[PDB]
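Undergrad: Pasting a structure below so you can have a look.
Every number in this text was worked out from the coordinates using simple rules, so none of it is lab data. Counting neighbours? That spans all protein chains shown, and the Cβs are built from the backbone with ideal geometry, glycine included.
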Amino acid sequence: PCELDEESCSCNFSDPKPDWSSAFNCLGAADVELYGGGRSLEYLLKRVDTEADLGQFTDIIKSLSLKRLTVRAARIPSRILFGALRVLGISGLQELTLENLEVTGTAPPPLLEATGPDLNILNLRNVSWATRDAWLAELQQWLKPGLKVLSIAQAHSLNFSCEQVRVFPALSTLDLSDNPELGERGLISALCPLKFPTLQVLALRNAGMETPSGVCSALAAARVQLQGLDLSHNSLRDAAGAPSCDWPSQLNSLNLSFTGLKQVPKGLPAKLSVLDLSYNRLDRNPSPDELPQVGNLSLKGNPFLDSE
Amino acid sequence: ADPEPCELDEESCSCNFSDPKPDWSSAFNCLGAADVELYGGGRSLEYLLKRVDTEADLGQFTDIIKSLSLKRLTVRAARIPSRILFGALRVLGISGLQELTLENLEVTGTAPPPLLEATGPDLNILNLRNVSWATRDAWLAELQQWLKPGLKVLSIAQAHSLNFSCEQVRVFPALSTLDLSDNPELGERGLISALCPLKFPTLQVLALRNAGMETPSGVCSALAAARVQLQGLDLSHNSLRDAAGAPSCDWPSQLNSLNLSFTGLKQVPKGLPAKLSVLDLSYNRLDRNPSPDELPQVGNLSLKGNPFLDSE
Ligand SMILES: *[C@@H]1O[C@H](CO)[C@@H](O[C@@H]2O[C@H](CO)[C@@H](O)[C@H](O)[C@H]2NC(C)=O)[C@H](O)[C@H]1NC(C)=O
Ligand SMILES: *[C@@H]1O[C@H](CO)[C@@H](O[C@@H]2O[C@H](CO)[C@@H](O)[C@H](O)[C@H]2NC(C)=O)[C@H](O)[C@H]1NC(C)=O
Ligand SMILES: *[C@@H]1O[C@H](CO)[C@@H](O[C@@H]2O[C@H](CO)[C@@H](O)[C@H](O)[C@H]2NC(C)=O)[C@H](O)[C@H]1NC(C)=O
Ligand SMILES: *[C@@H]1O[C@H](CO)[C@@H](O[C@@H]2O[C@H](CO)[C@@H](O)[C@H](O)[C@H]2NC(C)=O)[C@H](O)[C@H]1NC(C)=O
Ligand SMILES: *[C@@H]1O[C@H](CO)[C@@H](O)[C@H](O)[C@H]1NC(C)=O
Ligand SMILES: *[C@@H]1O[C@H](CO)[C@@H](O)[C@H](O)[C@H]1NC(C)=O
């Protein structure tokens, strides 16, 4: 079922009733990967108690060497998900990665506050929830305040009910890459106002973005402040977009690589530390004023450079 | 009060043989170490000539030498007679030594040319820093007599002489990186005397940091005179001048990387290649962001650190 190959323990519970004892092998192992194989775990509701204070195990959990957890392909009910979260709370788990999960049913709000792994990194990819516009607000109810990196991919919904969303005090990186249906307007509905006081980096790769100015527009609407913005891998268009917009005053790094650009876009910030404009379709070398003052400029890959 | 000469780790064996003429015993401690450094404290090893037979076949140690885990060797601070240095080179030849670094040495006397050809370690890398030789312009030809044709990297720092007699110098079949950094007196004319015609067919990278260069075009000119071809040129840490230099010069056709960082440049110099993959112009003194034509077509441009960007 499981296997402690070096630091990893690819604990596999695809088969109906698994050999959980194996799990005790996935102990002392810093990296753990759980593959539910799409198997439903709604039968654990009748078997386990979510308010369980595993006396017998408390010390094990607190002594585990676990640091990076991945949980993929499984139809887990909300109750068991957060149950596990609460349990992990007393462990030293730093990074969590939920993937291809169908979290079902509603769970009651937790009693106390901040019950949860003191995570630095939380990654979600193709996770569906019982509710759909409040899943973020609810998951927050079990998260600690030190979260630094939040990655959300292929969400079925990001149009948050922002009044219920809370402040992410330490969140320095928000990665909404791979949400082809998000869009600039959709981006405004995701970046809840005043909820990312410390954001420094915002990644939006392959997220339906159309123009840098349009994105700047959304950033101003969201009253967001930040240092880096990655827009690589979007199909940016040759268009006016928003004719006027001030970029966040702290913006010093813009990525526009692999966005199929044919012209340098207008409305770029005036001064930048780095501007990655590589692997696009510029057929002419950028003119003087056409570009911002850049400390590090990349144009590698464009047609005008190839001399094949 | 028992510090043995060579202290071993698992890969790094460091030896100290500075004591007034003793303890050669340690060494067998190094056996099995990938890296080895031999410090001689500047002591003179000239006494080894009356004791060791430059030709003697180390039969008793031959296998040991053939079984050493030795890959990178550094030999520094010592006055070693030529005969001994090449004697050792010959010896290591049967070992799997890949990189050699000689530094702060005073190689003395002369040595007879080797009967055979290519009797030395099969090096990928050879480094010299502040090494002096008996002769002074033939030293490169002579050292060559003992080297294998597979050398990929030759680095020469603080040399007392780079004005080689090129007719004697032979081809470096595989040399791809030639590093002449730290030769402040070299200059652009002196560079021409170091780049022996046709001796570096496969050169790809030429590094010339802190080597008295003055203008990119003056360097280009030197390269043209040497009929040298290459892909990368590093001129960082030279005090490049605000001057015309050579008003006309075609760059080697394969050049795609020019480094002009930390050269105190105040203006974008003229005479740059038409197009480059990378142009590193950072940490200079540009007070104005470079104009259009002023720069070449560049894939990767760096201008970080210049004053025009500081907004302090
Ligand atoms: C996204 O995740 C969902 C999980 O809910 C995937 O769909 C499930 O896939 C498993 C197979 O592992 C099936 O047993 C479930 O019945 C599926 N449920 C649903 C929602 O239909 C879906 O395939 C994933 N998408 C991608 C691109 O991986
Ligand atoms: C700008 O965006 C590009 C494209 O996303 C970045 O290149 C990727 O970098 C990640 C990060 O390590 C790699 O995993 C990918 O393999 C890279 N993509 C490709 C196809 O090379 C690039 O690093 C960004 N540039 C800057 C200045 O950060
Ligand atoms: C360059 O290497 C030479 C060695 O050939 C150094 O000069 C010798 O230094 C030792 C000290 O360890 C003295 O005992 C010798 O008498 C010196 N010989 C000479 C040539 O006078 C010289 O110091 C080295 N330069 C640097 C910067 O280290
Ligand atoms: C251009 O040259 C500079 C300066 O020589 C390079 O920066 C140095 O790179 C070395 C070797 O990797 C580092 O160990 C030093 O710390 C760097 N020096 C300084 C002062 O920062 C730079 O990498 C070169 N540019 C390119 C494109 O390779
Ligand atoms: C976005 O959120 C608003 C506010 O709840 C809602 O009225 C609207 O239908 C949502 N639109 C989408 C695309 O989900
Ligand atoms: C190099 O050395 C030779 C012999 O000492 C000398 O005659 C010649 O002028 C030198 N060449 C240059 C260009 O310095």
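Undergrad: Mind telling me which of the residues B:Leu126, B:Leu85, B:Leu115, B:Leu73 ends up being in a helix (DSSP H, G or I), away from ligand 4 (no atom under 16 Å from the Cβ) and hydrophobic (A, V, I, L, M, F, W, C)?
TA: Answer to the selection: B:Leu85.
Undergrad: While we're looking at this one, here's another question. When only residues in segment A:272-297 that are among the hydroxyl-bearing types (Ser, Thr, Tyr) and surrounded by 16 or more Cβ atoms within 10 Å (Cβ to Cβ) count, which is farthest from B:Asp280 (Cα to Cα)? Reasoning before the result, please.
TA: First pass over segment A:272-297, keeping only residues among the hydroxyl-bearing types (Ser, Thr, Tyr): A:273, A:278-279, A:287.
Checking the rest, the ones that are also surrounded by 16 or more Cβ atoms within 10 Å (Cβ to Cβ) come to A:273, A:278-279.
On the way: A:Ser273: 14, A:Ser278: 17, A:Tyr279: 20 Å.
It comes out as A:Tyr279.
Undergrad: If you don't mind, there's one more thing I want to ask. Report, ordered by the first and then the second residue, all pairs with beta carbons closer than 7 Å, sequence separation of six or more or different chains, a first member in segment A:278-307 that is on the phi < 0 side of the Ramachandran plot, and a second member that is part of a strand (DSSP E or B) and acidic (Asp, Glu).
TA: Here the result reads A:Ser298/A:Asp276, each pair linking segment A:278-307 to a residue that is part of a strand (DSSP E or B) and acidic (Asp, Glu).
Undergrad: State which residue is surrounded by the fewest Cβ atoms within 10 Å (Cβ to Cβ) when the search covers only segment A:32-60 and only residues that are more than 16 Å from ligand 1 (Cβ to nearest atom) and closer than 21 Å to A:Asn12 by Cβ. So that I can check it myself, show each step before the final result.
TA: Here is the first cut: in segment A:32-60, the residues more than 16 Å from ligand 1 (Cβ to nearest atom) are A:32, A:44-60.
In the following step, the residues that additionally are closer than 21 Å to A:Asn12 by Cβ were identified as A:32, A:44, A:47-48, A:60.
On the way: A:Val32: 24, A:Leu44: 14, A:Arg47: 7, A:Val48: 12, A:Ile60: 12.
Step by step, filter segment A:32-60, then rank; the result is A:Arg47.
Undergrad: I'd like the full set of residues that are out of contact with any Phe, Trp or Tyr (no Cβ under 7 Å at 6 or more places or on another chain) and within 11 Å of chain B (Cβ to nearest Cβ), limited to segment A:255-281.
TA: Matches in segment A:255-281: A:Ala270, A:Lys271, A:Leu272, A:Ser273, A:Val274, A:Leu275, A:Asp276, A:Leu277, A:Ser278.
Undergrad: I would also like to ask the following. Which is away from chain A (no Cβ under 14 Å), within 16 Å of ligand 4 (Cβ to nearest atom) and over 19 Å from the mean Cα position of the chain (by Cα), of B:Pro247, B:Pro252, B:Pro216, B:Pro184? Steps first, answer last, please.
TA: Values: B:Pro247 fails: within 16 Å of ligand 4 (Cβ to nearest atom); B:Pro252 fails: within 16 Å of ligand 4 (Cβ to nearest atom); B:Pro184 fails: over 19 Å from the mean Cα position of the chain (by Cα).
Step by step, each of B:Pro247, B:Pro252, B:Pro216, B:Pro184 is checked, and only B:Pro216 is away from chain A (no Cβ under 14 Å), within 16 Å of ligand 4 (Cβ to nearest atom) and over 19 Å from the mean Cα position of the chain (by Cα).
Undergrad: Which condition does A:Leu194 not pass, out of (1) among the aliphatic types (A, V, I, L, M); (2) surrounded by 17 or more Cβ atoms within 10 Å (Cβ to Cβ); (3) farther than 21 Å from A:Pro265 by Cα, if it passes all the others?
TA: (2)
Undergrad: Residues that are part of a loop (DSSP other than H, G, I, E, B), under 19 Å from A:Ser213 (Cβ atoms), out of contact with any helix residue (DSSP H, G or I) (no Cβ under 9 Å at 6 or more places or on another chain) and within 11 Å of ligand 2 (Cβ to nearest atom): does segment A:235-257 have at least one?
TA: Yes, segment A:235-257 has at least one match.
Undergrad: Could you tell me which residue of segment B:298-307 is surrounded by the most Cβ atoms within 10 Å (Cβ to Cβ), considering only residues that are at the interface with chain A (Cβ under 7 Å from one of its Cβ atoms) and part of a loop (DSSP other than H, G, I, E, B)?
TA: B:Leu303
Undergrad: Here's a follow-up. Regarding A:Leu66, is this residue in a strand (DSSP E or B) and away from ligand 1 (no atom under 15 Å from the Cβ)?
TA: No; evaluated as a whole, the condition is false for this residue.
Undergrad: Same structure again: Checking the structure you have, find out if any residue of segment B:282-294 is within 16 Å of B:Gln254 (Cβ to Cβ) and facing chain A (nearest Cβ under 9 Å).
TA: no
Undergrad: So which residues in segment A:30-63 are free of Cβ contacts under 8 Å to residues at least 24 places away in the same chain, part of a helix (DSSP H, G or I) and over 26 Å from A:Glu7 (Cα atoms), if there are any at all?
TA: Those that are free of Cβ contacts under 8 Å to residues at least 24 places away in the same chain, part of a helix (DSSP H, G or I) and over 26 Å from A:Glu7 (Cα atoms): A:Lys46, A:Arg47, A:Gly55.
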